[PDB]
Protein chains: 2
Amino acid sequence: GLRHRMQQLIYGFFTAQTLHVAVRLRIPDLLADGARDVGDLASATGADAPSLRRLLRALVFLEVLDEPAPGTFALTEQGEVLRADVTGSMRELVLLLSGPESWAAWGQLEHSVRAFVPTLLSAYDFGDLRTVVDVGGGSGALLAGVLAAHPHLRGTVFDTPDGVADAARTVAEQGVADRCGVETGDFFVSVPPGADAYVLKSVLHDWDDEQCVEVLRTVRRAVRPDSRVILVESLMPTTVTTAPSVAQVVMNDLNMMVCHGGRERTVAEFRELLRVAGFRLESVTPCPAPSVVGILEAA
Amino acid sequence: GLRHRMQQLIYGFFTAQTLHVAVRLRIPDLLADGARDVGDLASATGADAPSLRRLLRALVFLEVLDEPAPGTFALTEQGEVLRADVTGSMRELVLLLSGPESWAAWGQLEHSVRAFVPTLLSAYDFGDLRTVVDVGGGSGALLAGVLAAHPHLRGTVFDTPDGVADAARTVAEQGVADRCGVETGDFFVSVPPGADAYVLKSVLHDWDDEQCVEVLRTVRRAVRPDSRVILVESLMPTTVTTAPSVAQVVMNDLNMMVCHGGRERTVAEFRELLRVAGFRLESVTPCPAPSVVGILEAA
Ligand SMILES: [Hg+2]
Ligand SMILES: [Hg+2]
């Protein structure tokens with residue numbers, strides 16, 4: 001009853017590995033149309049055959065596959081997610097299992113000792129606005145959509161090249177011929193714009209904790225005041241905590257505690273982070289229940 | 001809905017690691033009586049405090065703990081299993097997370113390319129028997145209980161010393177003064193006993209696959225025929241497969257596919273394994289539903 005849960009929790013390496021190594025020679029793709037026996041399977045693989053059997057079972061146990069009749073096997077609609085289609089939730093497993101991630105997390109205890117594009121932002125409403133300045137835009141994803149959205153508003157970007165700086169045919173492509181106003185360089189530089197509203201997308205997500213404080217020191221040391229600082233982020237459940245859903249926040253906090261930087265602040269951990277770093281709270285507003293996406297907005 | 005399952009399956013490293021590193025400075029033990037705040041907690045640990053918070057959460061998410069009021073935390077009856085009491089299901093996590101196990105499984109894909117004591121055996125019934133010979137006994141666990149059980153039956157063992165060979169005060173301790181008849185050495189040696197019944201406990205469990213064949217070649221090349229070869233084992237679901245329970249077999253197969261040797265044969269994979277290795281099937285009989293423990297018995 002309870003042990004069941006604990007083991008199931010404690011045996012995560014098993015569960016984790018088996019899926020990666022199933023898509024590793026994309027097993028599902030063989031069974032998308034259909035494939036039977038371990039023998040027909042083992043031809044188009046390499047590996048062992050009667051010690052590959054010991055994996056088909058493991059999959060079938062984890063419910064990703066299902067042997068309908070003795071030996072011979074099919075796959076489940078969960079196992080449908082692993083082909084490279086609609087979701088293609090297998091790139092996910094591939095990166096979360098190669099030594100880059102899987103071997104890194106092995107010694108993660110020590111660290112405890114030591115293409116998104118919001119039209120959600122068209123519920124903030126830039127509906128009396130002339131200028132904006134996207135801080136560390138990079139791709140030209142929002143910038144496009146937002147200056148596309150509001151035909152009279154204009155804008156600016158600043159990111160170093162070699163940080164997804166393929167703006168070339170994206171601020172240009174799709175209408176915004178004027179209103180690129182593009183700059184270069186880091187966010188660690190004191191930002192020369194003093195022009196209406198300021199936008200920072202899923203960016204503490206990238207940052208550390210007092211990295212966030214000093215990149216926001218670099219704004220209000222020469223922000224044009226009496227205007228709005230937007231920052232869109234994933235938050236962390238200050239709502240309460242719970243089990244179901246939520247998840248993504250928790251084990252991406254620890255993922256980025258290992259795989260590069262990122263940590264997750266709650267509501268109040270942004271309020272105090274702003275109040276000392278020269279910013280003043282105002283309203284906050286999330287996405288619907290399926291996500292944690294939150295448009296923060298302090299003055 | 002489904003993604004939920006897949007992620008939950010694919011994110012096993014997270015789940016796996018967090019529990020080990022919670023008992024690693026036995027957090028639960030602090031909260032068995034009671035402990036509050038991250039600050040009182042962090043004194044009796046080391047580590048960080050506001051980057052230890054990022055773990056308490058993770059535990060509380062995985063439901064092992066539960067923060068009742070802002071910050072301050074308690075633990076759950078699942079988290080009760082991790083202290084070192086009744087079950088003490090934390091030694092489990094400690095060995096399944098240190099580099100010996102956790103780092104070993106990291107590259108386990110390649111391998112795919114390349115104190116129990118049955119009174120259950122007092123349902124086989126030695127109830128017309130005089131002699132027995134426990135093959136590779138070692139500890140003197142059954143030998144004791146069984147020659148203790150039946151006052152007139154007598155027996156023998158053979159195991160190399162330095163393989164839990166603390167028989168000294170166990171065949172002796174608890175009544176069986178006579179009927180030790182103890183020998184030494186490997187099972188790879190041709191076994192000199194030709195004396196009634198032969199017993200092999202959870203031993204393919206230890207073995208490989210054709211290691212099993214030749215250690216049973218070493219029996220019938222000089223077994224006294226017309227008698228019974230007992231071997232007690234964990235089987236593998238030839239019943240069907242399923243999800244709930246079962247589990248232990250599946251991810252101990254792969255555990256021993258990494259952590260030393262062991263693989264799991266089903267019913268028919270023992271029948272053919274015996275039929276060529278000079279043994280003849282007869283009855284099989286398991287433990288109840290909670291386990292897979294099976295007393296095989298071929299003539
Ligand atoms: Hg990664
Ligand atoms: Hg181990």
# chains A, B, ... in the order shown; residues from 1 in each chain; ligands from 1

call {"tool": "closest_atom_pairs", "arguments": {"of": "chain A", "to": "ligand 1", "cutoff": "8 Å", "atoms": "only C-alpha atoms and all ligand atoms", "output": "Markdown table"}}
result
| residue | atom | partner | partner_atom_place_in_ligand_line | distance |
| --- | --- | --- | --- | --- |
| A:95 | CA | ligand 1 | 1 (Hg) | 5.1 |
| A:96 | CA | ligand 1 | 1 (Hg) | 5.4 |
| A:97 | CA | ligand 1 | 1 (Hg) | 7.8 |
| A:98 | CA | ligand 1 | 1 (Hg) | 7.7 |
| A:100 | CA | ligand 1 | 1 (Hg) | 5.5 |
| A:101 | CA | ligand 1 | 1 (Hg) | 4.0 |
| A:102 | CA | ligand 1 | 1 (Hg) | 7.5 |
| A:255 | CA | ligand 1 | 1 (Hg) | 7.7 |
| A:259 | CA | ligand 1 | 1 (Hg) | 5.7 |

call {"tool": "closest_atom_pairs", "arguments": {"of": "segment 214-285 of chain B", "to": "segment 121-137 of chain B", "cutoff": "12 Å", "atoms": "only C-alpha atoms", "output": "JSON lines"}}
result
{"residue": "B:215", "atom": "CA", "partner": "B:135", "partner_atom": "CA", "distance": 10.0}
{"residue": "B:216", "atom": "CA", "partner": "B:135", "partner_atom": "CA", "distance": 10.4}
{"residue": "B:218", "atom": "CA", "partner": "B:135", "partner_atom": "CA", "distance": 10.7}
{"residue": "B:219", "atom": "CA", "partner": "B:135", "partner_atom": "CA", "distance": 9.2}
{"residue": "B:223", "atom": "CA", "partner": "B:133", "partner_atom": "CA", "distance": 10.5}
{"residue": "B:224", "atom": "CA", "partner": "B:133", "partner_atom": "CA", "distance": 11.3}
{"residue": "B:227", "atom": "CA", "partner": "B:132", "partner_atom": "CA", "distance": 10.0}
{"residue": "B:228", "atom": "CA", "partner": "B:132", "partner_atom": "CA", "distance": 9.4}
{"residue": "B:229", "atom": "CA", "partner": "B:133", "partner_atom": "CA", "distance": 9.6}
{"residue": "B:230", "atom": "CA", "partner": "B:124", "partner_atom": "CA", "distance": 9.2}
{"residue": "B:231", "atom": "CA", "partner": "B:135", "partner_atom": "CA", "distance": 9.5}
{"residue": "B:232", "atom": "CA", "partner": "B:121", "partner_atom": "CA", "distance": 8.5}
{"residue": "B:233", "atom": "CA", "partner": "B:121", "partner_atom": "CA", "distance": 11.6}
{"residue": "B:283", "atom": "CA", "partner": "B:124", "partner_atom": "CA", "distance": 10.3}
{"residue": "B:284", "atom": "CA", "partner": "B:124", "partner_atom": "CA", "distance": 10.0}
{"residue": "B:285", "atom": "CA", "partner": "B:124", "partner_atom": "CA", "distance": 8.8}

call {"tool": "write_last_selection", "arguments": {"atoms": "N, CA and C atoms", "output": "CSV table (one decimal), in the first residue's frame"}}
result
chain,number,residue,atom,x,y,z
B,215,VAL,N,26.0,-25.6,-12.9
B,215,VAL,CA,25.9,-25.9,-11.5
B,215,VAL,C,24.9,-27.0,-11.2
B,216,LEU,N,23.9,-27.2,-12.1
B,216,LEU,CA,23.0,-28.3,-12.1
B,216,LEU,C,23.5,-29.5,-13.0
B,218,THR,N,26.6,-30.2,-12.4
B,218,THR,CA,27.4,-30.7,-11.2
B,218,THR,C,26.6,-31.5,-10.2
B,219,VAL,N,25.3,-31.5,-10.3
B,219,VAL,CA,24.4,-32.3,-9.4
B,219,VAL,C,24.1,-33.7,-9.9
B,223,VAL,N,24.2,-37.3,-8.7
B,223,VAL,CA,23.1,-37.3,-7.8
B,223,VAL,C,22.7,-38.8,-7.6
B,224,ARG,N,22.3,-39.2,-6.4
B,224,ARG,CA,21.6,-40.5,-6.2
B,224,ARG,C,20.2,-40.3,-6.8
B,227,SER,N,15.2,-39.6,-6.2
B,227,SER,CA,15.0,-38.7,-5.0
B,227,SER,C,14.6,-37.3,-5.6
B,228,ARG,N,14.5,-36.3,-4.7
B,228,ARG,CA,14.0,-35.0,-5.0
B,228,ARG,C,14.9,-33.8,-5.0
B,229,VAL,N,15.0,-33.0,-6.1
B,229,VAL,CA,15.8,-31.8,-6.1
B,229,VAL,C,14.9,-30.6,-5.9
B,230,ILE,N,15.0,-30.0,-4.7
B,230,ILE,CA,14.3,-28.8,-4.3
B,230,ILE,C,15.1,-27.6,-4.7
B,231,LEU,N,14.5,-26.6,-5.3
B,231,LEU,CA,15.1,-25.3,-5.4
B,231,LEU,C,14.0,-24.2,-5.3
B,232,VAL,N,14.3,-23.3,-4.2
B,232,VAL,CA,13.3,-22.3,-3.9
B,232,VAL,C,13.9,-21.0,-4.6
B,233,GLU,N,13.0,-20.3,-5.2
B,233,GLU,CA,13.3,-19.1,-6.0
B,233,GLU,C,12.2,-18.1,-6.1
B,283,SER,N,6.2,-30.9,-9.6
B,283,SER,CA,5.3,-29.8,-9.2
B,283,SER,C,6.0,-28.5,-8.9
B,284,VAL,N,5.3,-27.4,-9.0
B,284,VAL,CA,5.8,-26.1,-8.5
B,284,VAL,C,4.7,-25.5,-7.6
B,285,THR,N,5.1,-24.7,-6.7
B,285,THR,CA,4.2,-24.1,-5.7
B,285,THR,C,4.8,-22.8,-5.2

call {"tool": "calpha_fit_and_write", "arguments": {"fixed": "chain B", "moving": "chain A", "output": "short mmCIF file (atom, residue, chain, number, x, y, z; two decimals) with C-alpha atoms, in the first residue's frame"}}
result
data_model
loop_
_atom_site.label_atom_id
_atom_site.label_comp_id
_atom_site.auth_asym_id
_atom_site.auth_seq_id
_atom_site.Cartn_x
_atom_site.Cartn_y
_atom_site.Cartn_z
CA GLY A 1 -3.58 13.15 -18.05
CA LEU A 2 -1.23 10.86 -20.00
CA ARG A 3 1.73 13.28 -20.18
CA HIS A 4 1.44 13.39 -16.36
CA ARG A 5 2.27 9.66 -16.33
CA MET A 6 5.07 9.91 -18.90
CA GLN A 7 6.82 12.84 -17.17
CA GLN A 8 6.29 11.12 -13.80
CA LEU A 9 7.95 8.04 -15.37
CA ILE A 10 10.67 10.01 -17.22
CA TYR A 11 11.52 12.20 -14.14
CA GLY A 12 12.59 9.23 -11.96
CA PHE A 13 16.07 10.59 -11.24
CA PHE A 14 14.51 13.54 -9.37
CA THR A 15 12.21 11.31 -7.33
CA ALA A 16 15.01 8.80 -6.73
CA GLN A 17 17.70 11.26 -5.63
CA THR A 18 15.63 13.54 -3.35
CA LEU A 19 14.62 10.74 -0.98
CA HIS A 20 18.18 9.38 -0.59
CA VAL A 21 19.55 12.85 0.15
CA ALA A 22 16.74 13.48 2.72
CA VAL A 23 17.67 10.44 4.81
CA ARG A 24 21.37 11.19 4.03
CA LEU A 25 21.27 13.62 7.00
CA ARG A 26 18.26 11.74 8.41
CA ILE A 27 15.76 14.60 8.17
CA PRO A 28 12.85 12.36 9.21
CA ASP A 29 14.49 11.62 12.58
CA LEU A 30 14.43 15.32 13.47
CA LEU A 31 10.66 15.41 12.71
CA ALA A 32 9.79 12.04 14.40
CA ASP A 33 9.18 13.88 17.67
CA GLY A 34 9.03 17.31 15.99
CA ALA A 35 11.02 20.08 14.24
CA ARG A 36 10.05 23.39 12.58
CA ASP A 37 11.34 26.14 10.24
CA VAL A 38 14.23 25.70 7.79
CA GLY A 39 16.42 27.63 10.31
CA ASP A 40 16.23 25.18 13.24
CA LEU A 41 16.58 22.42 10.64
CA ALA A 42 19.64 23.97 8.91
CA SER A 43 21.61 24.25 12.19
CA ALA A 44 21.68 20.45 12.57
CA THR A 45 22.76 19.72 8.95
CA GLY A 46 25.33 21.95 7.28
CA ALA A 47 24.43 22.67 3.63
CA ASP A 48 22.55 25.83 2.58
CA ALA A 49 19.36 27.06 4.28
CA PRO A 50 17.46 28.90 1.52
CA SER A 51 18.75 26.29 -1.00
CA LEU A 52 17.79 23.46 1.39
CA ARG A 53 14.26 24.90 1.46
CA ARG A 54 14.39 23.80 -2.21
CA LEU A 55 14.19 20.11 -1.17
CA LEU A 56 11.79 20.27 1.77
CA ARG A 57 9.38 21.46 -0.90
CA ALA A 58 10.43 18.60 -3.22
CA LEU A 59 9.87 16.11 -0.38
CA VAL A 60 6.57 17.69 0.58
CA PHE A 61 5.64 17.45 -3.14
CA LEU A 62 6.63 13.78 -3.30
CA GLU A 63 4.34 13.51 -0.22
CA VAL A 64 7.04 12.13 2.11
CA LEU A 65 6.71 15.38 4.14
CA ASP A 66 3.93 17.98 4.49
CA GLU A 67 4.30 21.67 5.46
CA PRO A 68 1.19 22.33 7.59
CA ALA A 69 1.65 26.10 8.00
CA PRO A 70 3.81 28.66 6.05
CA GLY A 71 7.42 27.42 5.86
CA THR A 72 7.37 25.15 8.94
CA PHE A 73 7.09 21.42 8.12
CA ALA A 74 6.01 17.99 9.44
CA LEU A 75 6.34 14.54 7.80
CA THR A 76 3.92 11.89 6.51
CA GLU A 77 3.46 8.20 7.46
CA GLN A 78 5.29 7.40 4.21
CA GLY A 79 8.12 9.58 5.52
CA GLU A 80 7.84 7.56 8.76
CA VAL A 81 9.47 4.61 6.85
CA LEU A 82 12.78 6.47 6.60
CA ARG A 83 13.88 6.74 10.28
CA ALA A 84 15.39 3.24 11.01
CA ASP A 85 12.38 1.55 12.65
CA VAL A 86 10.06 -1.45 11.89
CA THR A 87 10.79 -1.38 8.12
CA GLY A 88 13.67 1.14 8.04
CA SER A 89 13.13 1.54 4.29
CA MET A 90 16.11 3.95 3.99
CA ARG A 91 19.06 1.56 3.89
CA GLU A 92 17.21 0.61 0.67
CA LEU A 93 17.43 4.18 -0.69
CA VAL A 94 21.00 4.69 0.60
CA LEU A 95 22.41 1.73 -1.38
CA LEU A 96 20.13 2.54 -4.37
CA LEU A 97 21.64 6.05 -4.82
CA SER A 98 25.31 5.88 -3.83
CA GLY A 99 27.71 5.57 -6.81
CA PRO A 100 27.86 1.77 -6.33
CA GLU A 101 24.24 1.59 -7.64
CA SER A 102 23.18 5.05 -8.95
CA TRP A 103 26.33 5.84 -10.97
CA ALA A 104 26.50 2.22 -12.21
CA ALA A 105 22.97 2.37 -13.68
CA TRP A 106 23.89 5.62 -15.51
CA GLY A 107 25.54 3.61 -18.33
CA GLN A 108 23.38 0.49 -17.96
CA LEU A 109 21.99 0.83 -21.51
CA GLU A 110 25.30 -0.63 -22.71
CA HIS A 111 24.60 -3.84 -20.74
CA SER A 112 21.33 -4.14 -22.70
CA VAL A 113 23.50 -3.94 -25.84
CA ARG A 114 26.01 -6.38 -24.28
CA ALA A 115 17.40 -12.49 6.69
CA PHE A 116 14.96 -14.77 4.82
CA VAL A 117 14.16 -18.22 6.25
CA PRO A 118 11.25 -20.23 4.72
CA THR A 119 8.88 -22.07 7.05
CA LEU A 120 7.08 -22.16 3.66
CA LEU A 121 9.40 -25.16 3.12
CA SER A 122 7.31 -26.80 5.87
CA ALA A 123 4.57 -27.04 3.25
CA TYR A 124 6.80 -29.18 0.93
CA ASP A 125 6.98 -31.71 3.81
CA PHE A 126 10.08 -33.82 4.43
CA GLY A 127 7.61 -36.15 6.09
CA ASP A 128 9.04 -39.53 5.07
CA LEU A 129 12.67 -38.35 4.79
CA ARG A 130 15.99 -39.37 6.37
CA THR A 131 18.78 -37.48 4.55
CA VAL A 132 19.06 -34.10 2.82
CA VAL A 133 21.91 -32.07 1.29
CA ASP A 134 21.63 -28.25 1.19
CA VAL A 135 23.65 -27.12 -1.85
CA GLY A 136 25.52 -23.90 -1.04
CA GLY A 137 23.75 -23.32 2.27
CA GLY A 138 26.24 -20.87 3.81
CA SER A 139 24.41 -19.29 6.78
CA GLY A 140 22.70 -22.45 8.16
CA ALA A 141 19.30 -20.78 8.08
CA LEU A 142 16.99 -23.39 6.54
CA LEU A 143 19.25 -26.31 7.51
CA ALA A 144 18.65 -25.33 11.15
CA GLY A 145 14.88 -24.77 10.88
CA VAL A 146 14.32 -27.92 8.81
CA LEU A 147 16.46 -30.35 10.88
CA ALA A 148 15.08 -28.56 13.90
CA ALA A 149 11.58 -29.13 12.50
CA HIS A 150 11.95 -32.85 11.73
CA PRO A 151 13.80 -34.47 14.68
CA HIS A 152 14.81 -37.67 12.75
CA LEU A 153 16.01 -36.15 9.38
CA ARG A 154 19.76 -35.43 8.87
CA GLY A 155 21.71 -33.15 6.49
CA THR A 156 24.82 -31.64 4.84
CA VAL A 157 26.13 -28.26 3.53
CA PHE A 158 28.94 -27.12 1.14
CA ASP A 159 30.02 -23.47 0.72
CA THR A 160 33.44 -21.77 0.57
CA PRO A 161 34.35 -19.73 3.68
CA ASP A 162 34.08 -15.90 3.24
CA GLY A 163 30.57 -16.38 1.75
CA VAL A 164 28.48 -15.84 4.91
CA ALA A 165 29.88 -19.09 6.38
CA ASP A 166 28.98 -18.28 10.03
CA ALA A 167 27.46 -21.74 10.60
CA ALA A 168 29.59 -22.19 13.77
CA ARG A 169 26.80 -21.18 16.18
CA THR A 170 23.62 -21.75 14.09
CA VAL A 171 23.58 -25.44 13.06
CA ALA A 172 24.99 -25.84 16.59
CA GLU A 173 22.85 -23.15 18.23
CA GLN A 174 19.26 -24.39 18.32
CA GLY A 175 19.43 -28.16 18.70
CA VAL A 176 20.98 -29.76 15.59
CA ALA A 177 24.13 -31.06 17.35
CA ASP A 178 24.36 -34.10 15.10
CA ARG A 179 23.36 -33.72 11.44
CA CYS A 180 25.76 -30.91 10.48
CA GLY A 181 27.79 -33.20 8.18
CA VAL A 182 29.36 -30.03 6.80
CA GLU A 183 31.68 -29.90 3.74
CA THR A 184 33.49 -27.00 1.96
CA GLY A 185 34.20 -25.57 -1.50
CA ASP A 186 32.39 -24.21 -4.55
CA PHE A 187 29.31 -25.58 -6.35
CA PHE A 188 31.47 -25.71 -9.52
CA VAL A 189 33.13 -28.79 -7.99
CA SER A 190 31.37 -32.10 -8.73
CA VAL A 191 29.31 -32.64 -5.54
CA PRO A 192 30.25 -35.88 -3.66
CA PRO A 193 26.88 -36.33 -1.91
CA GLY A 194 24.49 -38.95 -3.25
CA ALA A 195 22.12 -38.65 -0.25
CA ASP A 196 18.28 -38.27 -0.62
CA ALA A 197 17.05 -34.67 -1.23
CA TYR A 198 18.85 -31.58 -2.61
CA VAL A 199 18.07 -27.93 -1.69
CA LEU A 200 19.05 -24.67 -3.48
CA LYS A 201 17.75 -21.36 -1.99
CA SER A 202 17.25 -18.14 -4.04
CA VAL A 203 20.24 -19.10 -6.12
CA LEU A 204 19.56 -18.35 -9.84
CA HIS A 205 18.71 -15.04 -8.22
CA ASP A 206 22.51 -15.05 -7.57
CA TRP A 207 23.52 -16.86 -10.83
CA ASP A 208 23.65 -16.00 -14.54
CA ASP A 209 21.73 -18.27 -17.05
CA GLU A 210 24.08 -21.03 -18.29
CA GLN A 211 25.91 -20.69 -14.96
CA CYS A 212 22.67 -22.22 -13.64
CA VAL A 213 22.87 -25.03 -16.24
CA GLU A 214 26.42 -26.17 -15.26
CA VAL A 215 25.95 -25.89 -11.46
CA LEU A 216 23.00 -28.29 -12.12
CA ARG A 217 25.24 -30.35 -14.41
CA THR A 218 27.38 -30.71 -11.24
CA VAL A 219 24.42 -32.32 -9.37
CA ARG A 220 23.03 -35.13 -11.61
CA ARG A 221 26.47 -36.23 -12.87
CA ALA A 222 26.51 -37.79 -9.34
CA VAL A 223 23.12 -37.34 -7.75
CA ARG A 224 21.65 -40.46 -6.20
CA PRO A 225 18.60 -40.73 -8.52
CA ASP A 226 14.98 -41.61 -7.54
CA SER A 227 15.00 -38.68 -5.03
CA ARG A 228 13.96 -34.98 -5.05
CA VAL A 229 15.79 -31.79 -6.11
CA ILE A 230 14.27 -28.79 -4.35
CA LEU A 231 15.09 -25.28 -5.43
CA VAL A 232 13.33 -22.26 -3.89
CA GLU A 233 13.33 -19.10 -6.00
CA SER A 234 11.72 -15.89 -7.07
CA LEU A 235 10.06 -16.59 -10.44
CA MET A 236 8.92 -14.16 -13.16
CA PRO A 237 5.18 -13.65 -14.06
CA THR A 238 4.35 -16.42 -16.49
CA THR A 239 0.96 -15.97 -14.76
CA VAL A 240 0.59 -12.96 -17.08
CA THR A 241 2.48 -9.64 -16.40
CA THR A 242 0.32 -6.79 -14.89
CA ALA A 243 1.34 -3.53 -13.23
CA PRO A 244 0.70 -3.50 -9.42
CA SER A 245 2.95 -5.61 -7.19
CA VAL A 246 5.13 -7.88 -9.45
CA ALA A 247 7.48 -4.86 -9.80
CA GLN A 248 10.17 -6.25 -7.45
CA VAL A 249 10.96 -9.05 -9.96
CA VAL A 250 11.17 -6.69 -12.93
CA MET A 251 13.42 -3.97 -11.49
CA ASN A 252 15.54 -6.48 -9.53
CA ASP A 253 16.16 -8.33 -12.84
CA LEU A 254 17.58 -5.08 -14.24
CA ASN A 255 19.15 -4.19 -10.87
CA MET A 256 21.11 -7.45 -11.05
CA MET A 257 21.63 -6.88 -14.77
CA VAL A 258 23.73 -3.97 -13.39
CA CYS A 259 24.47 -4.75 -9.73
CA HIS A 260 25.87 -8.31 -10.08
CA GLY A 261 24.62 -11.21 -12.18
CA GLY A 262 21.05 -12.17 -11.27
CA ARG A 263 18.36 -12.63 -13.91
CA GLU A 264 14.79 -13.90 -13.58
CA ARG A 265 13.56 -17.05 -15.23
CA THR A 266 9.83 -17.83 -15.50
CA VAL A 267 8.19 -21.27 -15.08
CA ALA A 268 8.96 -22.63 -18.56
CA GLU A 269 12.45 -21.06 -18.50
CA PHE A 270 13.13 -23.37 -15.53
CA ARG A 271 11.42 -26.40 -17.20
CA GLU A 272 13.72 -26.34 -20.27
CA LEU A 273 16.70 -25.23 -18.09
CA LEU A 274 16.15 -28.47 -16.12
CA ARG A 275 15.11 -30.84 -18.98
CA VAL A 276 18.54 -30.43 -20.68
CA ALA A 277 20.50 -30.05 -17.39
CA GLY A 278 19.29 -33.49 -16.22
CA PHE A 279 16.12 -32.71 -14.19
CA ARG A 280 12.49 -33.54 -14.56
CA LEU A 281 9.95 -30.83 -13.78
CA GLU A 282 7.40 -32.29 -11.26
CA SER A 283 5.26 -29.80 -9.21
CA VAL A 284 5.77 -26.10 -8.55
CA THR A 285 4.20 -24.10 -5.73
CA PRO A 286 4.44 -20.38 -4.81
CA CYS A 287 4.07 -18.20 -1.73
CA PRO A 288 0.86 -16.12 -1.31
CA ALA A 289 -0.01 -13.02 -3.41
CA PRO A 290 2.24 -10.46 -1.54
CA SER A 291 5.39 -12.17 -2.95
CA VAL A 292 6.74 -14.13 -5.93
CA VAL A 293 8.56 -16.69 -3.68
CA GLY A 294 8.25 -20.07 -5.41
CA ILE A 295 9.26 -23.52 -4.26
CA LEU A 296 10.17 -25.35 -7.44
CA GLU A 297 10.58 -29.10 -7.17
CA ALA A 298 11.78 -31.40 -9.97
CA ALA A 299 12.60 -35.08 -9.44
#

call {"tool": "select_by_dssp", "arguments": {"residues": "segment 86-283 of chain A", "states": "alpha helix (DSSP H)", "output": "VMD selection string"}}
result
chain A and resid 91 to 95 102 to 106 109 to 113 142 to 149 210 to 220 248 to 258 268 to 276

call {"tool": "select_by_dssp", "arguments": {"residues": "segment 200-241 of chain B", "states": "strand (DSSP E or B)", "output": "PDB file with N, CA, C and O atoms, in the first residue's frame"}}
result
ATOM      1  N   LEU B 200      18.363 -25.861  -2.955  1.00  0.00           N
ATOM      2  CA  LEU B 200      19.052 -24.669  -3.484  1.00  0.00           C
ATOM      3  C   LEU B 200      18.186 -23.411  -3.279  1.00  0.00           C
ATOM      4  O   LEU B 200      17.181 -23.236  -3.971  1.00  0.00           O
ATOM      5  N   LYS B 201      18.582 -22.527  -2.359  1.00  0.00           N
ATOM      6  CA  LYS B 201      17.749 -21.364  -1.994  1.00  0.00           C
ATOM      7  C   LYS B 201      18.130 -20.105  -2.771  1.00  0.00           C
ATOM      8  O   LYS B 201      19.314 -19.777  -2.866  1.00  0.00           O
ATOM      9  N   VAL B 229      14.984 -33.017  -6.056  1.00  0.00           N
ATOM     10  CA  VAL B 229      15.786 -31.792  -6.112  1.00  0.00           C
ATOM     11  C   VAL B 229      14.876 -30.587  -5.901  1.00  0.00           C
ATOM     12  O   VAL B 229      14.096 -30.210  -6.782  1.00  0.00           O
ATOM     13  N   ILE B 230      14.981 -30.011  -4.711  1.00  0.00           N
ATOM     14  CA  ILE B 230      14.273 -28.795  -4.346  1.00  0.00           C
ATOM     15  C   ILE B 230      15.124 -27.598  -4.745  1.00  0.00           C
ATOM     16  O   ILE B 230      16.340 -27.602  -4.569  1.00  0.00           O
ATOM     17  N   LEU B 231      14.476 -26.584  -5.304  1.00  0.00           N
ATOM     18  CA  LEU B 231      15.090 -25.276  -5.432  1.00  0.00           C
ATOM     19  C   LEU B 231      14.036 -24.186  -5.255  1.00  0.00           C
ATOM     20  O   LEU B 231      13.057 -24.126  -5.995  1.00  0.00           O
ATOM     21  N   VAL B 232      14.253 -23.345  -4.244  1.00  0.00           N
ATOM     22  CA  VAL B 232      13.329 -22.260  -3.887  1.00  0.00           C
ATOM     23  C   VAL B 232      13.856 -20.998  -4.566  1.00  0.00           C
ATOM     24  O   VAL B 232      15.053 -20.699  -4.496  1.00  0.00           O
ATOM     25  N   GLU B 233      12.952 -20.269  -5.215  1.00  0.00           N
ATOM     26  CA  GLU B 233      13.328 -19.102  -5.998  1.00  0.00           C
ATOM     27  C   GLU B 233      12.224 -18.064  -6.087  1.00  0.00           C
ATOM     28  O   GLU B 233      11.064 -18.333  -5.777  1.00  0.00           O
ATOM     29  N   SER B 234      12.622 -16.861  -6.485  1.00  0.00           N
ATOM     30  CA  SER B 234      11.716 -15.894  -7.074  1.00  0.00           C
ATOM     31  C   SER B 234      11.578 -16.300  -8.534  1.00  0.00           C
ATOM     32  O   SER B 234      12.569 -16.652  -9.177  1.00  0.00           O
TER      33      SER B 234
END

call {"tool": "decode", "arguments": {"residues": "segment 181-193 of chain B", "atoms": "C-alpha atoms", "output": "short mmCIF file (atom, residue, chain, number, x, y, z; two decimals), in the first residue's frame"}}
result
data_model
loop_
_atom_site.label_atom_id
_atom_site.label_comp_id
_atom_site.auth_asym_id
_atom_site.auth_seq_id
_atom_site.Cartn_x
_atom_site.Cartn_y
_atom_site.Cartn_z
CA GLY B 181 27.79 -33.20 8.18
CA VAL B 182 29.36 -30.03 6.80
CA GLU B 183 31.68 -29.90 3.74
CA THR B 184 33.49 -27.00 1.96
CA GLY B 185 34.20 -25.57 -1.50
CA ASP B 186 32.39 -24.21 -4.55
CA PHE B 187 29.31 -25.58 -6.35
CA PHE B 188 31.47 -25.71 -9.52
CA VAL B 189 33.13 -28.79 -7.99
CA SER B 190 31.37 -32.10 -8.73
CA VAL B 191 29.31 -32.64 -5.54
CA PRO B 192 30.25 -35.88 -3.66
CA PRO B 193 26.88 -36.33 -1.91
#
